[PDB]
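Asker: The structure's right below; bear with me while I get my questions together.
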Amino acid sequence: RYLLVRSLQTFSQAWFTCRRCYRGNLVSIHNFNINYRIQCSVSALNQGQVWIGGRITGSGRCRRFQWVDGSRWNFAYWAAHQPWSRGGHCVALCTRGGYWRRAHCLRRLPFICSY
């Protein structure tokens with residue numbers, strides 16, 4: 001069960017909002033079926049992307065890709081073209097096509113909470 005929050009917020013703000021207002025977490029995606037259903041739900045928004053629960057953590061050369069809801073990173077649907085290196089440590093889903101893109105965490109966007 002997931003829901004869309006139209007309010008524009010930074011990654012950290014959204015993280016908080018999903019937990020306190022809905023007793024959930026920024027959504028995590030584990031298969032094409034769900035990624036597509038989420039895609040359809042936001043296909044009309046005016047913004048080009050929405051925050052989902054993904055984050056790239058770590059320092060140095062060895063890092064990791066995590067979901068704020070603790071589940072495992074076993075699926076991804078990355079956009080073929082996008083600034084990658086230095087492109088950001090937070091993950092967003094595109095309203096068009098449903099592609100995932102790296103984005104700067106302090107940017108304000110709509111987001112998906114699960115519960």
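Along the chain as shown, the residues are counted starting at 1.
Per the header of the entry, the method used was X-ray crystallography, 2.2 Å.
Heads up, the Cβ atoms here are built off N, Cα and C, so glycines get one too.
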Asker: Disulfide-wise, see what Swiss-Prot says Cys105 is paired with, picking from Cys62, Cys90, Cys94.
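Answerer: Candidates were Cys62, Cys90, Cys94; Swiss-Prot matches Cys105 with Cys90.
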Asker: What Cα-Cα separation, expressed in whole Å, is found between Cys18 (disulfide bond) and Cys105 (disulfide bond)?
Answerer: 16
Asker: Between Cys90 (disulfide bond) and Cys113 (disulfide bond), what C-alpha distance do you get in Å?
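Answerer: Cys90 (disulfide bond) to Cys113 (disulfide bond), Cα-Cα distance: 15 Å.
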Asker: Might you list, by sequence position, any residue in that chain lying six or more from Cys105 (disulfide bond) with a Cβ less than 8 Å away from its Cβ?
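Answerer: The list for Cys105 (disulfide bond) reads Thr10, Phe11, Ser12, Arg55, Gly88, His89, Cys90, given in order along the sequence.
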Asker: Count the Cβ atoms, other than its own, that fall within 10 Å of the Cβ of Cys90 (disulfide bond), considering every protein chain shown.
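Answerer: Summing over all protein chains shown, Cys90 (disulfide bond) has 25 other Cβ atoms within 10 Å.
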